[PDB]
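Okay, structure-v6.cif is below, mmCIF, C-alpha atoms:
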```cif
data_run
#
loop_
_atom_site.label_atom_id
_atom_site.label_comp_id
_atom_site.auth_asym_id
_atom_site.auth_seq_id
_atom_site.Cartn_x
_atom_site.Cartn_y
_atom_site.Cartn_z
CA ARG A 1 5.57 28.21 -16.94
CA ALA A 2 1.79 27.60 -16.75
CA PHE A 3 1.73 30.97 -18.71
CA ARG A 4 3.99 29.24 -21.37
CA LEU A 5 1.37 26.50 -22.00
CA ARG A 6 -1.51 29.00 -21.99
CA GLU A 7 0.40 31.06 -24.59
CA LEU A 8 1.10 27.96 -26.76
CA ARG A 9 -2.60 27.02 -26.82
CA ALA A 10 -3.91 30.56 -27.34
CA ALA A 11 -1.38 31.18 -30.19
CA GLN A 12 -3.11 28.28 -32.00
CA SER A 13 -6.66 29.67 -31.52
CA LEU A 14 -7.71 26.70 -29.32
CA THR A 15 -10.00 26.97 -26.27
CA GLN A 16 -9.44 24.76 -23.15
CA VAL A 17 -12.64 22.98 -24.33
CA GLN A 18 -11.12 22.25 -27.79
CA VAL A 19 -7.80 21.05 -26.31
CA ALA A 20 -9.74 18.80 -23.81
CA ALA A 21 -11.65 17.26 -26.82
CA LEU A 22 -8.36 16.90 -28.88
CA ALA A 23 -6.46 15.32 -25.93
CA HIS A 24 -9.48 13.16 -24.73
CA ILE A 25 -8.92 14.53 -21.16
CA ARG A 26 -11.22 16.39 -18.71
CA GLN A 27 -11.44 20.21 -19.19
CA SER A 28 -10.83 20.47 -15.39
CA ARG A 29 -7.43 18.76 -16.00
CA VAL A 30 -6.66 21.28 -18.83
CA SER A 31 -7.44 24.25 -16.43
CA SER A 32 -5.37 22.79 -13.56
CA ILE A 33 -2.35 22.05 -15.87
CA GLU A 34 -2.57 25.65 -17.20
CA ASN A 35 -2.81 27.05 -13.60
CA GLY A 36 0.70 25.59 -12.87
CA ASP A 37 -0.65 22.35 -11.28
CA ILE A 38 1.76 20.09 -13.28
CA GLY A 39 2.84 18.01 -10.21
CA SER A 40 -0.64 16.49 -9.80
CA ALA A 41 -1.16 15.56 -13.53
CA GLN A 42 -0.80 11.91 -14.66
CA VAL A 43 1.97 11.34 -17.30
CA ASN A 44 -0.29 10.06 -20.11
CA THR A 45 -2.60 13.11 -19.49
CA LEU A 46 0.29 15.61 -19.72
CA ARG A 47 1.51 13.72 -22.86
CA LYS A 48 -1.92 14.02 -24.56
CA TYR A 49 -2.22 17.76 -23.51
CA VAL A 50 1.22 18.58 -25.07
CA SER A 51 0.43 16.58 -28.31
CA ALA A 52 -2.84 18.60 -28.66
CA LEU A 53 -0.60 21.79 -28.63
CA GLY A 54 1.59 20.18 -31.36
CA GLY A 55 4.43 19.33 -28.97
CA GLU A 56 6.30 16.25 -27.75
CA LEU A 57 6.77 15.52 -24.05
CA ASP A 58 10.24 14.15 -23.10
CA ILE A 59 10.45 12.50 -19.64
CA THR A 60 14.04 11.57 -18.66
CA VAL A 61 15.78 10.30 -15.51
CA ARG A 62 19.36 11.40 -14.75
CA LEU A 63 21.10 9.03 -12.25
CA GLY A 64 24.80 10.00 -11.88
CA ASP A 65 26.34 9.50 -15.38
CA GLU A 66 23.36 7.92 -17.17
CA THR A 67 20.19 9.60 -18.45
CA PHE A 68 17.34 7.19 -19.47
CA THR A 69 14.08 8.08 -21.31
CA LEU A 70 10.73 6.92 -19.81
CA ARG B 1 13.69 -0.31 -16.51
CA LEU B 2 13.16 1.72 -13.24
CA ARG B 3 12.71 -1.67 -11.40
CA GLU B 4 16.29 -2.52 -12.62
CA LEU B 5 17.63 0.99 -11.62
CA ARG B 6 15.88 0.79 -8.17
CA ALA B 7 17.29 -2.76 -7.61
CA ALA B 8 20.72 -1.55 -8.80
CA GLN B 9 20.69 1.18 -6.05
CA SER B 10 20.28 -1.75 -3.48
CA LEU B 11 16.77 -0.57 -2.50
CA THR B 12 13.63 -2.66 -2.03
CA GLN B 13 10.15 -1.60 -3.23
CA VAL B 14 8.96 -1.15 0.41
CA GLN B 15 12.04 1.09 1.12
CA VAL B 16 11.67 3.32 -2.02
CA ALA B 17 7.92 3.68 -1.18
CA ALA B 18 8.87 4.68 2.41
CA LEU B 19 11.75 7.03 1.30
CA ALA B 20 9.44 8.70 -1.33
CA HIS B 21 6.57 8.87 1.26
CA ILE B 22 4.28 7.25 -1.36
CA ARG B 23 1.80 4.30 -1.25
CA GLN B 24 3.72 1.09 -2.26
CA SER B 25 0.92 0.15 -4.79
CA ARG B 26 1.87 3.44 -6.61
CA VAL B 27 5.56 2.20 -6.76
CA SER B 28 4.32 -1.29 -7.91
CA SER B 29 2.49 0.15 -10.94
CA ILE B 30 5.42 2.47 -11.86
CA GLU B 31 7.90 -0.45 -11.61
CA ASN B 32 5.58 -2.79 -13.61
CA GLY B 33 5.99 -0.49 -16.71
CA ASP B 34 2.85 1.65 -16.11
CA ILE B 35 4.39 5.17 -16.33
CA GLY B 36 1.21 6.47 -18.04
CA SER B 37 -0.94 6.43 -14.84
CA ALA B 38 1.77 7.82 -12.49
CA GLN B 39 1.16 11.37 -11.27
CA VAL B 40 4.22 13.57 -12.08
CA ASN B 41 4.80 14.34 -8.30
CA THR B 42 4.68 10.54 -7.50
CA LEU B 43 7.24 9.75 -10.30
CA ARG B 44 9.36 12.78 -9.17
CA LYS B 45 9.53 11.51 -5.51
CA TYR B 46 10.17 7.89 -6.62
CA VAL B 47 13.13 9.04 -8.81
CA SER B 48 14.52 11.32 -5.98
CA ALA B 49 14.30 8.34 -3.55
CA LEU B 50 16.57 6.36 -6.05
CA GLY B 51 18.95 9.36 -5.85
CA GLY B 52 18.14 10.54 -9.43
CA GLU B 53 16.52 13.66 -10.96
CA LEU B 54 13.38 13.69 -13.18
CA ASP B 55 13.29 16.07 -16.21
CA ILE B 56 10.02 16.84 -17.99
CA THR B 57 10.56 18.92 -21.18
CA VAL B 58 8.17 20.14 -23.92
CA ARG B 59 9.69 20.11 -27.40
CA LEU B 60 8.27 22.11 -30.34
CA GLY B 61 10.90 21.61 -33.11
CA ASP B 62 14.30 22.67 -31.67
CA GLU B 63 12.49 24.81 -29.01
CA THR B 64 12.35 23.08 -25.60
CA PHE B 65 11.30 24.14 -22.07
CA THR B 66 11.13 22.30 -18.71
CA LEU B 67 7.82 21.57 -16.92
CA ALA B 68 9.46 19.87 -13.87
#
```
Let me see the file written as C-alpha cells.
Amino acid sequence: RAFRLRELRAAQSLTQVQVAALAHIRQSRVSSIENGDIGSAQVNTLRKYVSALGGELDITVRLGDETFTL
Amino acid sequence: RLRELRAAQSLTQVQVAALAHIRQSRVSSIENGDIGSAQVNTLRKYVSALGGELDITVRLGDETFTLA
C-alpha cells in the first residue's frame, strides 16, 4: 500500500531525495507518504509524487449513479 | 463542481463543514476550485458528508491501484 509506492520508486533506482527533487516536495513528505500516511498529504503533493514515479493520479467522486473527476 | 454537488444535496457550507468535522475555511477553498491544497483526509470527509465516496487511484499504463 505504502509498500507498493516504495517498490515503484525503488524499481526505478530513485532515492526519496531524488523523488523529492523531481516532485519539488519536501523529503519529509516523501517519507510520510511512503510510511502509509496518505490521508495527511495535500492533493497537489500526492499528484507530483506519483508523476515523479511515472504514474498518473486519478481522484474521482462517486455520488449515487454519477462519478465525477476532480 | 463540488459546490454544485454540495448545493444539489441541499446542504450549506456551514453544515458540510460541521458534518465533516472540518474548519469551514477548508471547505471554502475546496469549493472555490482549490483541490490542490486540500489534504486527502479533508477532501475524503467533505465528500462523505455529501453522501459520496472518494477514490484515489494510481495508474501506470493499464495497471491501477487505490491509495484511498
From the options A:52, A:2, A:43, A:38, which residue's atoms come nearest to residue A:17, counting all atoms listed in the file?
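So, comparing all the options, the nearest one is A:52.
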Which residue is closest to residue A:16? Choose from A:1, A:47, A:62, A:29 and count all atoms listed in the file.
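Comparing A:1, A:47, A:62, A:29 against residue A:16, the winner is A:29.
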Kindly provide, as a list in words, the residues of chain A having any atom no farther than 6 Å from an atom of chain B, counting only C-alpha atoms.
residues 39, 40, 41, 42, 43, 44, 55, 56, 57, 58, 59, 60, 61, 62 and 63 of chain A
Would you pick out the contacts of residue B:22 at 10 Å or less, using all atoms listed in the file, so that residues sharing its chain but fewer than 3 positions from it are not included, and give the list as a PDB file with C-alpha atoms, in the frame of the given file?
```pdb
ATOM      1  CA  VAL B  14       8.960  -1.150   0.410  1.00  0.00           C
ATOM      2  CA  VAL B  16      11.670   3.320  -2.020  1.00  0.00           C
ATOM      3  CA  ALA B  17       7.920   3.680  -1.180  1.00  0.00           C
ATOM      4  CA  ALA B  18       8.870   4.680   2.410  1.00  0.00           C
ATOM      5  CA  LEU B  19      11.750   7.030   1.300  1.00  0.00           C
ATOM      6  CA  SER B  25       0.920   0.150  -4.790  1.00  0.00           C
ATOM      7  CA  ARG B  26       1.870   3.440  -6.610  1.00  0.00           C
ATOM      8  CA  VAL B  27       5.560   2.200  -6.760  1.00  0.00           C
ATOM      9  CA  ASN B  41       4.800  14.340  -8.300  1.00  0.00           C
ATOM     10  CA  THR B  42       4.680  10.540  -7.500  1.00  0.00           C
ATOM     11  CA  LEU B  43       7.240   9.750 -10.300  1.00  0.00           C
ATOM     12  CA  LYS B  45       9.530  11.510  -5.510  1.00  0.00           C
ATOM     13  CA  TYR B  46      10.170   7.890  -6.620  1.00  0.00           C
TER      14      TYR B  46
END
```
For atom CA of residue A:65 and atom CA of residue B:4, quote the distance in Å rounded to one decimal.
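Atom CA of residue B:4 lies at a distance of 15.9 Å from atom CA of residue A:65.
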Rounded to one decimal in Å, what is the spacing between atom CA of residue B:30 and atom CA of residue A:66?
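Distance between the two atoms: 19.5 Å.
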Between atom CA of residue B:62 and atom CA of residue A:26 - distance in Å to one decimal
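Interatomic distance, atom CA of residue A:26 to atom CA of residue B:62: 29.3 Å.
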Take every atom of stretch 4-15 of chain A listed in the file, pad by 3 Å on each side, and give me the axis-aligned box centre and edge lengths in Å, one decimal, as lines of an AutoDock Vina configuration file.
```
center_x = -3.0
center_y = 28.8
center_z = -26.7
size_x = 20.0
size_y = 10.7
size_z = 16.6
```
Return as a list in words the set of residues that the PyMOL selection byres ((chain A and resi 19) around 8) yields on the displayed structure.
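Residues picked by the PyMOL selection byres ((chain A and resi 19) around 8): residues 9, 14, 15, 16, 17, 18, 20, 21, 22, 23, 30, 49, 52 and 53 of chain A.
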